[PDB]
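This document starts with one chain, in the form deposited in one PDB entry, laid out as structure tokens.
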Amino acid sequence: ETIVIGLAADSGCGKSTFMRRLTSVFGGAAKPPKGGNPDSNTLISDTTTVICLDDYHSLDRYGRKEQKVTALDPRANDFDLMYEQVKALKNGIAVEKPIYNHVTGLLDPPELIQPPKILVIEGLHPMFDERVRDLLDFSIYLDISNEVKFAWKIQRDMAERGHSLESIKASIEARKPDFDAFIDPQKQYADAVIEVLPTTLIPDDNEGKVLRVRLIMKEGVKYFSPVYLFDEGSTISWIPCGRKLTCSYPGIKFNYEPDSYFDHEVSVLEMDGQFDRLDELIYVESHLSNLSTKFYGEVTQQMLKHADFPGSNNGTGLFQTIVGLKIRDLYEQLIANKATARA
């Protein structure tokens, strides 16, 4: 059987990096399909196929322009086709999946997708429709706060450079009602949420480099033991920097606490600051628990393959890599059961 993983994110920045981090622990390099469309959003690897949910846009870019709607609006997406095709792939059936051409903003003729071992649906509405949601074996939500969203556009984007600060944040809040109505409530269905906030260690930092990252983990989910620090289920803050581990400004600060998140029980691990050298990453990993690693240091090693990645110096890469490991552990138990069941 194929196992299906939802990834809810805005397409701009972290989702690409998050997806690359998830692909690297699941298997080999994910590449576009061999022939066919050069503007295909599909990424294919030996174990995983990544489907961009833009392909299920029911509304052409110019159709949306003529319409009241935007890409966030459910009017603009075809959840019937999305449900049916995701459902078919999970049962080992190949699907003819249309292609949303981002360059031309057009719907291209479809591509035949073969059923993978690991299917990741990634985009704006993976958890929006309940039929789709019931198919997922694991759900991810990458939640960027608006403060950091703004910083990245200014500090880390070249397309936005033609626009003023006024115009860029005008657009952000102009899209905020649709986002709050249609994207943000998907958090409640996620098994793992990575919330990205400005750091508290530096007062008035808006640069997007030092960040407060929260890893919210649902409890009671079968095959998914949440990560914890020192004493599972208690409330802990933890500064690793000391006599034996020296840090630069501002350093590292960890928080671990239970919580109630959309009327579900969760465990929250939090890292504020950035790693200014590699010993701190090694030290942090050695003190976390329930990381779903195969050997001591795997989180570090898996991060070291993508040192150039954005967020590799802070909690973004650390928690995205941990979430990828937990997912692997989970599908192994799903698949273990499945393969033994077949026997």
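All residue numbers refer to positions in the sequence shown, first residue = 1. We call the rigid core the largest set of C-alpha positions that still match within 1.5 Å between the two forms.
Below: the form deposited in another entry, not depicted.
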Check: Rigid core as reference, CA moved 2 Å or more between this form and the one not shown - which of 146, 237, 164, 234?
Finding: 164
Item checked: C-alpha of residue 84 off by 2 Å or more between this form and the one not shown on rigid core -> no
Next item on the list: Please say whether, between this form and the one not shown, the C-alpha of residue 205 moves by 2 Å or more once the core is aligned.
Entry: yes
Note to self: Given a superposition on the rigid core, I'd like a yes or no on whether residue 246 shifts its C-alpha by 2 Å or more between this form and the one not shown.
What the structure shows: yes
Checklist line | Residue pair residue 209, residue 164 - Cα distance in the other form, closer or farther (3 Å or more) | finding: farther
Checklist line | Change in CA distance between residue 160 and residue 59 in the other form, which is 3 Å or more, as closer or farther | finding: farther
